[PDB]
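Visitor: My structure is below; once you've seen it, I'll send some questions.
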Amino acid sequence: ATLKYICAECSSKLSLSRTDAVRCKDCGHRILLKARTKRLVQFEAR
Amino acid sequence: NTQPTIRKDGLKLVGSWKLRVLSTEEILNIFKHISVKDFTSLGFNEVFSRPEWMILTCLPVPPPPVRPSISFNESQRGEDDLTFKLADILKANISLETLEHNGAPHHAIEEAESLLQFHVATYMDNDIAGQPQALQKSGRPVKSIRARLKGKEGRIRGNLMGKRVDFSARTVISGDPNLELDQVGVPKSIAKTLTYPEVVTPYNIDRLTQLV
Amino acid sequence: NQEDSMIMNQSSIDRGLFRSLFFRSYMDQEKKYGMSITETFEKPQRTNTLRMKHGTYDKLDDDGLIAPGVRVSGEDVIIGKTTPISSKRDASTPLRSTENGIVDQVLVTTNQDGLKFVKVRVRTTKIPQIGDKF
Amino acid sequence: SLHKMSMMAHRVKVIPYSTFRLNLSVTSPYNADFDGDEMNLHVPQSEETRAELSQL
Amino acid sequence: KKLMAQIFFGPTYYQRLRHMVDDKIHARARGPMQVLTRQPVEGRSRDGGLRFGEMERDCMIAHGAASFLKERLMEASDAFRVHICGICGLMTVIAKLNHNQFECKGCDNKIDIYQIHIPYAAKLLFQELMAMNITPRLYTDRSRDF
Amino acid sequence: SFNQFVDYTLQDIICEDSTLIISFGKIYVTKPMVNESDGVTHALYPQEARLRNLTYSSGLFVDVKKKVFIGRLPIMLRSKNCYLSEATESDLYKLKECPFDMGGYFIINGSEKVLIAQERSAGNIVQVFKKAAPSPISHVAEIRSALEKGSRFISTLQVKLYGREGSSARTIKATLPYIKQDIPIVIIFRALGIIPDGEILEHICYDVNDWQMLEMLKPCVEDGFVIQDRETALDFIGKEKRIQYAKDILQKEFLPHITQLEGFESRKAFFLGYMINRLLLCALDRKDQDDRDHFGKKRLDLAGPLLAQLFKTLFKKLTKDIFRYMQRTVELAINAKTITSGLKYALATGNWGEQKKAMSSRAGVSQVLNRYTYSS
Amino acid sequence: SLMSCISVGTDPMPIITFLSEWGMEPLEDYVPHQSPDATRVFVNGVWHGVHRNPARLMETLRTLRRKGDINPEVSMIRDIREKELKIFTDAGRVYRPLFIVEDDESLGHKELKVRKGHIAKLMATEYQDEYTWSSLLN
Amino acid sequence: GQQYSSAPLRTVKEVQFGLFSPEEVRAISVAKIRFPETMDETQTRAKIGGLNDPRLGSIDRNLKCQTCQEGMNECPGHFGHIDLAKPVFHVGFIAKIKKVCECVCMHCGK
Amino acid sequence: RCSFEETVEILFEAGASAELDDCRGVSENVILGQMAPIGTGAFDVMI
DNA sequence: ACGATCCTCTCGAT
RNA sequence: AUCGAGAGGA
Ligand SMILES: [Mg+2]
Ligand SMILES: [Zn+2]
Ligand SMILES: [Zn+2]
Ligand SMILES: [Zn+2]
Ligand SMILES: [Zn+2]
């Protein structure tokens, strides 16, 4: 719906900026994952 | 008067008699004289090699190609261990042009004639008696021309009589019975790679071009 | 199937016999002791430096990190980072000159020092092919 | 490489799959079996060189 | 058709080992080289070469395949042209190539000179050698003076 | 192994040459933490460090006399500190930690590292060796002697039976610490106070119908009635300047286990007899040479005792950089790090035991586990 | 191996002590000639003395390592025919499995101490999933 | 793979091991080598009268190998050279040189 | 000899004694990358 | 003093 | 890319 990161521990759709460095929205663990991508991927089921 | 029963101690020649060490300088003289007929009887060649040469006057300096650079970098530097040791050397060497013609003090010279000899032995070797070396950027231990030159994975043995080479390949292998004895099934992707420079010719072109 | 080779039912491979996953992760960080020299994760393009990789960048968004369902392969840049020396000298890791897969998960954290941190995982499924051991 | 035999010129037959394929009976001189042994291939660049391989 | 021989048939627990071909099949056809040596680099990881070892050489010599040894030991791999003093046998020369100029200072040689051909590793060693106070004099005629 | 480092060992290394010209005591240890720059101190969780190349390691606190920290200590996963040590099954999945994971490793910068057991020849052992043809000595009883709680001053005593079979009069001599040459035992024996030709033989030969052996010794006794007295036994090992020197060696480095204190002289004579007794049992073929490959006379050095051979080594450093902010004070200065980082390097490489390299410890003790398959 | 473990290291002295409080005439007061039937004692590679009737002594030691009052780690070796008695507390010694046999039996011969008895109480502990390995140990 | 040379081409037919007369060393040089640094004269980036260059091949893949040009893919490096002070032995030579004296004699050297 | 066991020193005593190397040895022509007096290189070719 | 060949890979540092 | 350390394939 227009997304960017996701912290790992809790599962929040964060999406933040070059310079709010890293860390969550009360679940501080600086880990953080990159979303999924949206150009939806095509599989050969073979 | 006499020949001492001589001794090697580190990098110095030391004598008994019947104790005066052999200052580096002594030995140049000598030979600087000795005979032509004296040389030769024992191994020398007037023009190509002479005992006075066997000892160090002036040391050549190997240009970059032999010892170069860079790193992880760009703006922040680079170098091999000969540029480093080819310093410890231009280093103490001026520590001594800075005593003889500046501050001059009798028995505290020789603390620093062994440096300048020593690094000049080290820049050529260090798997000998006593101390190896190391840091003054990397840690250990060291480098030396010699081990570059030395047995296996070292020049001659590893770069001259055995080089790594182009247009080669390698895979796993397996057997296949419907192949003739002198054949070898090359897999495609490799054949798509290795190449053979053919020359253009009336004879070949037609085929040849259809390739290009 | 001689001098120890063996023959495999390609049918049953298909049904899935002896299949596997294969992930591999790549890693990156930013700078060293600089009070004015700080690598930057971005998706590059010259800028006086012009030594960027043979391969393609267009698979990286702007943080400079491929997105997950994205299929990479070839010499494809997975992580763009540039190091400014005097300026924008490329310095970004491309996928193995031989591997090909799909990004699986991408992680962004940091190290003791407040450092920008990245670990990209790529996944491939490898199938019992001819030369494989067993 | 402990013989002349661990080296020998061959006739190329490009094929699919990625394994150097060879004839059982040219095994010994190489001393290979097929449970993973790997093998090198080099390619001559001169017309002479080609000759040196196919003739000697 | 039935098979003449009865066969051993059964479930048997098997293992899939790491080591699959597609991760091995490196092949090079001329690529990058090291800085020092100018020889191809180690590893498929960077499109290296394969080592044509001291040992494989023995076999080429075994076969009597000279020319191929040069090709393999020179044209693929190191190969480099160097000039030399036609007197004081040395890599003391000076390619002011262009300005058809040659000189070997001191020696002052301007007409006795040589373009020759060797493994760049060769030149190296020689320079290494020289830099260790030794002469590797390179002479041109099968001839010793007498 | 680990627990019994921490739990006990550690605390004993810190008490020792520890004291100053200041007195540590209870060391205190944290379940692993982490101080991210600009920030609180987090609670460290294995899965978390494996991800951001942090070091699952805990806080080192010492209780320093006239409460205080000196470094951090890489923690053995599933050991008494590792929070995983009390964890329930569902508690695990929760910390995202496999419950089949058995732990036994460290985590240093995201890389799981394993300490590789190390095999070595035991000490404080009595060993006899027939030595080759071409050598004058013909057997030698030996002992790689050294202390179980306290240092690693390594002191090797040899009792060689100079003299092949027949080769004229088989004399017996021994070897000593920082010393010039060998010694005919009888001196030494005189030197420990045992003087009478034969109050000696008792210390060696234990039953007197063994003429054979006795006789074996007939010729030692003779290399010494050139010395029949305590003070000139001590003599031969170079006045008063150098007597001392010996009344030392024969307490401080001659058979160190047993003791190094004052009057434990006969406690050793006897031993030295014992050595000689087997040295001779072995030369008269009543009994076999000593088999260097008995697993029983070798030990394995696990992770505890290794961290251990490092911790001393740095704790002695933090300890003595300190005899130094302090030497230059005349009028807290502790470089924690030394330690919290020395530990990391060894655990991080394989050069078991700091900088110099030397420590061809080289084991690459500390490798990166393997994890291709559970069973690996 | 599966059942192998490794010495971690105890303290020598509480034993040394026990020893010198049960015969083990110490070394200094030693008179080889007037007591040869002397199993000499050894701890951690040290000679702490001698001992007449070392027999009546081992049993005791074994019962004390096996009741649990002396660490189960410590190895206790009595070599009969060379008259020595070595007690080991070193750290880094491998060691292992096994069960016990003492002929300890009434209606008949040399047996294993263990029994379907204990073993059945051991499984007792499989389906309630207080009888641990360790209780076997003590 | 490098240019035309006017020079001709010969094959190697003789190799003369031998030694170094300071004579040639300074006859053969271009070097002087007066300072022990590599390149920074107050952050100034280039080379220097000191080490690695005063007439010697380069780095910034640039041609200034003394009117020599062609650079680092044809610059047979050309030699440096450096006067010492009060002379010095030469390691793999110590032991012949010890043997040379246990062979000649003092003061006149015969 | 270089091409084998004690390499640096054979190079030195060679340096000092001023050895003159023939270069008729396989081993040395491989070093200068030239033809070998071997099968294919033992005769010469002409017109 | 030497010590199988070749081979792919992972970790860590002035 | 140089260097040292272990792991693995024949
Ligand atoms: Mg096989
Ligand atoms: Zn959260
Ligand atoms: Zn010249
Ligand atoms: Zn040039
Ligand atoms: Zn004379």
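Identifiers in the structure tokens: chain A, B, ... in order shown; residue index from 1 per chain; ligand index from 1 in order shown.
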Counting only C-alpha atoms, which residues of chain C come no farther than 9 Å from chain D, as number ranges by chain?
Guide: C: 1-5, 129-134
Visitor: Just C-alpha atoms for this one: save the residues we selected as a short mmCIF file (atom, residue, chain, number, x, y, z; two decimals), in the first residue's frame.
Guide:
data_model
loop_
_atom_site.label_atom_id
_atom_site.label_comp_id
_atom_site.auth_asym_id
_atom_site.auth_seq_id
_atom_site.Cartn_x
_atom_site.Cartn_y
_atom_site.Cartn_z
CA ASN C 1 26.98 -46.11 -14.06
CA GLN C 2 30.63 -47.25 -14.00
CA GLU C 3 33.75 -46.81 -11.86
CA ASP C 4 31.17 -45.51 -9.37
CA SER C 5 28.74 -43.28 -11.24
CA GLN C 129 21.71 -32.58 -12.05
CA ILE C 130 24.30 -34.77 -13.80
CA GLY C 131 27.61 -34.25 -12.12
CA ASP C 132 26.31 -34.12 -8.54
CA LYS C 133 27.74 -36.29 -5.80
CA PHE C 134 25.98 -38.70 -3.54
#
Visitor: Apply DSSP to the backbone of this structure and, from region 303-345 of chain F, keep only the residues in alpha helix (DSSP H); write these as a list in words.
Guide: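 Alpha helix (DSSP H) members of region 303-345 of chain F, listed: residues 303, 304, 305, 306, 307, 308, 309, 310, 311, 312, 313, 314, 315, 316, 317, 318, 319, 320, 321, 322, 337, 338, 339, 340, 341, 342, 343, 344 and 345 of chain F.
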Visitor: Please, which residues have at least one atom within 12 Å of an atom of ligand 5, using only C-alpha atoms (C1' of nucleotides) and all ligand atoms, listed as number ranges by chain?
Guide: B: 1-4, 30, 33-34; H: 101-110
Visitor: Next, dump the selected residues to file, keeping only N, CA, C and O atoms, as a short mmCIF file (atom, residue, chain, number, x, y, z; two decimals), in the first residue's frame.
Guide:
data_model
loop_
_atom_site.label_atom_id
_atom_site.label_comp_id
_atom_site.auth_asym_id
_atom_site.auth_seq_id
_atom_site.Cartn_x
_atom_site.Cartn_y
_atom_site.Cartn_z
N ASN B 1 103.25 -11.44 11.01
CA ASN B 1 102.28 -11.22 12.10
C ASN B 1 101.09 -12.09 11.65
O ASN B 1 101.22 -12.83 10.67
N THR B 2 99.88 -11.95 12.17
CA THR B 2 98.99 -13.05 11.77
C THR B 2 97.55 -13.13 11.21
O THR B 2 96.93 -12.12 10.92
N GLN B 3 97.07 -14.39 11.03
CA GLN B 3 95.71 -14.79 10.56
C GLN B 3 95.04 -15.23 11.88
O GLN B 3 95.60 -16.10 12.56
N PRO B 4 93.86 -14.69 12.24
CA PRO B 4 93.28 -15.14 13.51
C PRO B 4 92.56 -16.46 13.28
O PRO B 4 92.49 -16.91 12.15
N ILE B 30 92.04 -4.87 1.76
CA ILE B 30 92.30 -6.24 1.35
C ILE B 30 92.24 -6.50 -0.14
O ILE B 30 93.16 -6.25 -0.92
N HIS B 33 93.03 -4.84 -2.90
CA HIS B 33 94.38 -5.13 -3.34
C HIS B 33 94.45 -6.63 -3.77
O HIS B 33 94.13 -6.86 -4.92
N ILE B 34 94.80 -7.61 -2.92
CA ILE B 34 94.87 -9.05 -3.34
C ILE B 34 95.30 -9.15 -4.84
O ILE B 34 95.21 -8.19 -5.58
N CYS H 101 88.93 -15.27 4.20
CA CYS H 101 89.96 -14.75 5.04
C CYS H 101 90.69 -15.90 5.67
O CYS H 101 91.92 -15.86 5.75
N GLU H 102 89.97 -16.95 6.08
CA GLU H 102 90.65 -18.11 6.66
C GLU H 102 91.53 -18.61 5.50
O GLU H 102 92.15 -19.68 5.60
N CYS H 103 91.59 -17.80 4.43
CA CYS H 103 92.33 -18.06 3.18
C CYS H 103 93.38 -17.05 2.67
O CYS H 103 94.26 -17.45 1.90
N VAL H 104 93.25 -15.77 3.04
CA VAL H 104 94.19 -14.70 2.65
C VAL H 104 94.78 -14.29 3.96
O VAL H 104 94.39 -14.78 5.02
N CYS H 105 95.74 -13.39 3.91
CA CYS H 105 96.25 -12.92 5.16
C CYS H 105 96.38 -11.43 5.19
O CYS H 105 96.53 -10.76 4.17
N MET H 106 96.29 -10.96 6.42
CA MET H 106 96.32 -9.61 6.87
C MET H 106 97.39 -8.64 6.38
O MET H 106 98.39 -9.00 5.71
N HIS H 107 97.07 -7.39 6.65
CA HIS H 107 97.86 -6.24 6.31
C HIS H 107 98.32 -6.02 4.85
O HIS H 107 98.32 -4.89 4.41
N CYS H 108 98.78 -7.02 4.10
CA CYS H 108 99.13 -6.71 2.71
C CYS H 108 98.12 -7.42 1.82
O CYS H 108 97.76 -6.96 0.73
N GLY H 109 97.63 -8.54 2.34
CA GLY H 109 96.67 -9.35 1.63
C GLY H 109 97.26 -10.08 0.44
O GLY H 109 97.20 -9.63 -0.71
N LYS H 110 97.89 -11.21 0.74
CA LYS H 110 98.48 -12.06 -0.27
C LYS H 110 97.90 -13.44 0.01
O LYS H 110 97.19 -13.68 0.99
#
Visitor: Write out as a PyMOL selection string each polymer residue whose atoms come within 12 Å of residue 2 (chain D), counting only C-alpha atoms (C1' of nucleotides); drop sequence neighbours fewer than 2 positions from it.
Guide: (chain D and resi 4-7+29-31) or (chain E and resi 53-60+62) or (chain J and resi 4-5)
Visitor: Name the residues in contact with region 128-137 of chain E at a cut-off of 8 Å, using only C-alpha atoms (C1' of nucleotides), excluding same-chain residues fewer than 5 positions from it; report them as an MDAnalysis selection string.
Guide: (chainID B and resid 59:62 66 124 145) or (chainID E and resid 88:90) or (chainID H and resid 14:20) or (chainID I and resid 12 15)
Visitor: If the cut-off is 7 Å, can you tell me the residues of chain B near chain J, counting only C-alpha atoms (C1' of nucleotides)? I'd like them as a PyMOL selection string.
Guide: chain B and resi 137-139
Visitor: So which residues are near ligand 4, meaning at most 7 Å away with only C-alpha atoms (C1' of nucleotides) and all ligand atoms counted, given back as a VMD selection string?
Guide: (chain E and resid 94 to 95) or (chain H and resid 57 65 to 66 68 to 71 74 to 78)
Visitor: May I have the residues from that selection written out with C-alpha atoms, as a PDB file, in the first residue's frame?
Guide:
ATOM      1  CA  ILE E  94      65.715   2.659 -22.300  1.00  0.00           C
ATOM      2  CA  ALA E  95      62.750   2.500 -24.627  1.00  0.00           C
TER       3      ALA E  95
ATOM      4  CA  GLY H  57      58.020   4.393 -13.598  1.00  0.00           C
ATOM      5  CA  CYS H  65      59.018   7.193 -16.672  1.00  0.00           C
ATOM      6  CA  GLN H  66      61.646   9.899 -17.957  1.00  0.00           C
ATOM      7  CA  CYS H  68      60.358   7.085 -21.540  1.00  0.00           C
ATOM      8  CA  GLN H  69      56.542   7.232 -21.493  1.00  0.00           C
ATOM      9  CA  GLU H  70      54.932   3.971 -22.606  1.00  0.00           C
ATOM     10  CA  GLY H  71      54.428   3.358 -18.919  1.00  0.00           C
ATOM     11  CA  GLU H  74      55.978  -1.642 -21.184  1.00  0.00           C
ATOM     12  CA  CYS H  75      58.066   0.117 -18.529  1.00  0.00           C
ATOM     13  CA  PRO H  76      60.713  -2.458 -17.803  1.00  0.00           C
ATOM     14  CA  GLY H  77      61.237  -0.854 -14.463  1.00  0.00           C
ATOM     15  CA  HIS H  78      64.569   1.026 -14.531  1.00  0.00           C
TER      16      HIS H  78
END
Visitor: Can you work out which residues from chain F touch chain A at a cut-off of 9 Å (counting only C-alpha atoms) and hand them back as number ranges by chain?
Guide: F: 48, 51-52
Visitor: Generate a file of the selected residues that holds N, CA, C and O atoms, formatted as an mmCIF file, in the first residue's frame.
Guide:
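Saved to part_37.cif:
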data_model
loop_
_atom_site.group_PDB
_atom_site.id
_atom_site.type_symbol
_atom_site.label_atom_id
_atom_site.label_comp_id
_atom_site.auth_asym_id
_atom_site.auth_seq_id
_atom_site.Cartn_x
_atom_site.Cartn_y
_atom_site.Cartn_z
ATOM 1 N N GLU F 48 20.124 -12.472 18.591
ATOM 2 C CA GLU F 48 20.449 -11.067 18.258
ATOM 3 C C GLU F 48 21.915 -10.741 17.838
ATOM 4 O O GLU F 48 22.104 -9.971 16.904
ATOM 5 N N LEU F 51 23.101 -11.976 14.440
ATOM 6 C CA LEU F 51 22.617 -11.110 13.395
ATOM 7 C C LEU F 51 23.381 -9.836 13.219
ATOM 8 O O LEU F 51 23.717 -9.532 12.093
ATOM 9 N N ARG F 52 23.705 -9.095 14.273
ATOM 10 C CA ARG F 52 24.433 -7.855 14.025
ATOM 11 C C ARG F 52 25.919 -7.854 14.357
ATOM 12 O O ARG F 52 26.508 -6.799 14.611
#
Visitor: Please identify all residues of chain F having at least one atom at most 12 Å from any atom of chain B, considering only C-alpha atoms, and return them as an NGL selection string.
Guide: :F and (355-358)
Visitor: I need the residues from that last selection saved to file as a short mmCIF file (atom, residue, chain, number, x, y, z; two decimals), in the first residue's frame (with C-alpha atoms), if you can.
Guide:
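Output file out-v7.cif follows:
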data_model
loop_
_atom_site.label_atom_id
_atom_site.label_comp_id
_atom_site.auth_asym_id
_atom_site.auth_seq_id
_atom_site.Cartn_x
_atom_site.Cartn_y
_atom_site.Cartn_z
CA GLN F 355 49.62 -10.62 19.63
CA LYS F 356 53.26 -11.95 19.42
CA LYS F 357 51.63 -14.73 17.20
CA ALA F 358 54.27 -17.04 18.53
#
Visitor: Taking 4 positions as the minimum chain separation for residues in the same chain, which residues sit within 7 Å of residue 91 (chain G) when counting only C-alpha atoms (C1' of nucleotides)? Answer as JSON, numbers by chain.
Guide: {"G": [7, 8, 9]}
Visitor: Residues up to 7 Å from ligand 2, counting only C-alpha atoms (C1' of nucleotides) and all ligand atoms: could you list those as a VMD selection string?
Guide: chain A and resid 7 to 12 24 to 28
Visitor: Might you pull out every residue within 9 Å of residue 16 (chain B), with only C-alpha atoms (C1' of nucleotides) counted and same-chain residues fewer than 2 positions away left off, and present them as a short mmCIF file (atom, residue, chain, number, x, y, z; two decimals) with N, CA, C and O atoms, in the first residue's frame?
Guide:
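Written file, around.cif:
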data_model
loop_
_atom_site.label_atom_id
_atom_site.label_comp_id
_atom_site.auth_asym_id
_atom_site.auth_seq_id
_atom_site.Cartn_x
_atom_site.Cartn_y
_atom_site.Cartn_z
N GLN B 3 97.07 -14.39 11.03
CA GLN B 3 95.71 -14.79 10.56
C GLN B 3 95.04 -15.23 11.88
O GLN B 3 95.60 -16.10 12.56
N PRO B 4 93.86 -14.69 12.24
CA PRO B 4 93.28 -15.14 13.51
C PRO B 4 92.56 -16.46 13.28
O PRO B 4 92.49 -16.91 12.15
N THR B 5 92.08 -17.14 14.31
CA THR B 5 91.25 -18.30 14.02
C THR B 5 89.99 -17.46 14.10
O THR B 5 89.65 -16.93 15.16
N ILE B 6 89.31 -17.28 12.97
CA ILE B 6 88.12 -16.43 12.88
C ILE B 6 86.78 -17.04 13.33
O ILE B 6 86.63 -18.27 13.33
N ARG B 7 85.81 -16.19 13.69
CA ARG B 7 84.47 -16.63 14.16
C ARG B 7 83.29 -15.80 13.58
O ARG B 7 83.44 -14.60 13.40
N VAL B 14 85.00 -12.38 13.98
CA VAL B 14 85.73 -12.24 15.25
C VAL B 14 86.96 -13.13 15.58
O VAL B 14 86.81 -14.34 15.77
N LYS B 18 97.32 -14.83 19.22
CA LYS B 18 98.37 -15.35 20.14
C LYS B 18 99.78 -14.77 20.09
O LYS B 18 100.47 -14.77 19.08
N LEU B 19 88.33 -8.65 22.11
CA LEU B 19 89.00 -9.14 20.91
C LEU B 19 88.59 -8.29 19.70
O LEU B 19 87.40 -8.09 19.48
N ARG B 20 89.58 -7.77 18.95
CA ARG B 20 89.37 -6.97 17.72
C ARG B 20 88.51 -7.75 16.70
O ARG B 20 88.86 -8.82 16.17
#
Visitor: Enumerate as a count of residues only the residues within 10 Å of ligand 3, counting only C-alpha atoms (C1' of nucleotides) and all ligand atoms.
Guide: 26
Visitor: Based on only C-alpha atoms, which of the residues in chain I come within 7 Å of chain E? I want them as a list in words.
Guide: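 Residues satisfying the distance criterion: residues 15, 31, 32, 33, 34, 35, 36, 38, 39, 40 and 41 of chain I.
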Visitor: Would you mind exporting N, CA, C and O atoms of the selected residues as a compact mmCIF listing (two decimals), in the first residue's frame?
Guide:
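And here is the file that came out, out-v6.txt:
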# COMPACT_ATOMS: atom_id res chain seq x y z
N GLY I 15 76.44 -16.37 -8.65
CA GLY I 15 76.76 -14.97 -8.86
C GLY I 15 78.26 -14.74 -8.71
O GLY I 15 78.92 -14.38 -9.68
N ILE I 31 62.44 -21.21 -18.53
CA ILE I 31 62.50 -19.95 -17.78
C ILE I 31 62.56 -18.74 -18.69
O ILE I 31 62.02 -17.69 -18.37
N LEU I 32 63.21 -18.88 -19.83
CA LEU I 32 63.26 -17.76 -20.74
C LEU I 32 62.16 -17.95 -21.78
O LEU I 32 62.09 -17.21 -22.78
N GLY I 33 61.31 -18.95 -21.57
CA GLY I 33 60.23 -19.22 -22.50
C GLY I 33 60.69 -19.17 -23.95
O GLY I 33 60.39 -18.24 -24.69
N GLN I 34 61.45 -20.18 -24.34
CA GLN I 34 61.96 -20.28 -25.70
C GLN I 34 61.81 -21.75 -26.03
O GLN I 34 61.38 -22.52 -25.16
N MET I 35 62.14 -22.14 -27.26
CA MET I 35 61.98 -23.55 -27.58
C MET I 35 62.98 -24.39 -26.82
O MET I 35 64.07 -23.94 -26.43
N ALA I 36 62.56 -25.63 -26.56
CA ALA I 36 63.39 -26.59 -25.83
C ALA I 36 64.21 -27.57 -26.67
O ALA I 36 63.73 -28.07 -27.68
N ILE I 38 64.16 -30.22 -27.41
CA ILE I 38 63.33 -31.37 -27.22
C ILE I 38 62.82 -31.82 -28.56
O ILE I 38 62.98 -31.13 -29.58
N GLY I 39 62.25 -33.02 -28.57
CA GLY I 39 61.78 -33.59 -29.81
C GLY I 39 61.66 -32.55 -30.89
O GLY I 39 62.53 -32.41 -31.77
N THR I 40 60.58 -31.77 -30.79
CA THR I 40 60.25 -30.70 -31.74
C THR I 40 61.30 -29.58 -31.82
O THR I 40 61.36 -28.84 -32.81
N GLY I 41 62.13 -29.45 -30.79
CA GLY I 41 63.14 -28.41 -30.80
C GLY I 41 64.57 -28.88 -30.97
O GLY I 41 65.47 -28.04 -30.92
Visitor: Find the residues near residue 7 (chain K): any atom within 12 Å, counting only C-alpha atoms (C1' of nucleotides), skip ones fewer than 2 places away on the same chain, and give them as a PyMOL selection string.
Guide: (chain F and resi 364+367-372+376) or (chain J and resi 8-11) or (chain K and resi 5+9)
Visitor: Can you check which residues of chain E have any atom within 9 Å of chain K? Use only C-alpha atoms (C1' of nucleotides) and format it as number ranges by chain.
Guide: E: 19, 34-35
Visitor: Let me see the file: selected residues, N, CA, C and O atoms, as a PDB file, in the first residue's frame.
Guide:
ATOM      1  N   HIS E  19      28.856 -30.542  -3.028  1.00  0.00           N
ATOM      2  CA  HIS E  19      29.708 -30.882  -4.164  1.00  0.00           C
ATOM      3  C   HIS E  19      28.914 -31.113  -5.375  1.00  0.00           C
ATOM      4  O   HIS E  19      28.811 -32.233  -5.832  1.00  0.00           O
ATOM      5  N   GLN E  34      47.259 -10.946 -12.017  1.00  0.00           N
ATOM      6  CA  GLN E  34      47.749 -10.392 -10.754  1.00  0.00           C
ATOM      7  C   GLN E  34      48.540  -9.124 -11.113  1.00  0.00           C
ATOM      8  O   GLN E  34      48.742  -8.838 -12.292  1.00  0.00           O
ATOM      9  N   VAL E  35      48.981  -8.364 -10.119  1.00  0.00           N
ATOM     10  CA  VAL E  35      49.694  -7.109 -10.370  1.00  0.00           C
ATOM     11  C   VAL E  35      51.173  -7.274 -10.489  1.00  0.00           C
ATOM     12  O   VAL E  35      51.841  -6.624 -11.286  1.00  0.00           O
TER      13      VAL E  35
END
Visitor: What are the DSSP strand (DSSP E) residues of chain C, as a PyMOL selection string?
Guide: chain C and resi 20-28+40-41+71-73+81-84+88-90+100-109+117-126
Visitor: Which value, in Å to one decimal, gives the distance between CA of residue 69 (chain G) and CA of residue 41 (chain G)?
Guide: 20.1 Å
Visitor: Closest to chain J among I:1, I:18, I:47, I:6, using only C-alpha atoms (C1' of nucleotides)?
Guide: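 Comparing I:1, I:18, I:47, I:6 against chain J, the winner is I:6.
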Visitor: In Å, with one decimal, what is the gap from CA of residue 234 (chain F) to CA of residue 161 (chain F)?
Guide: 21.9 Å
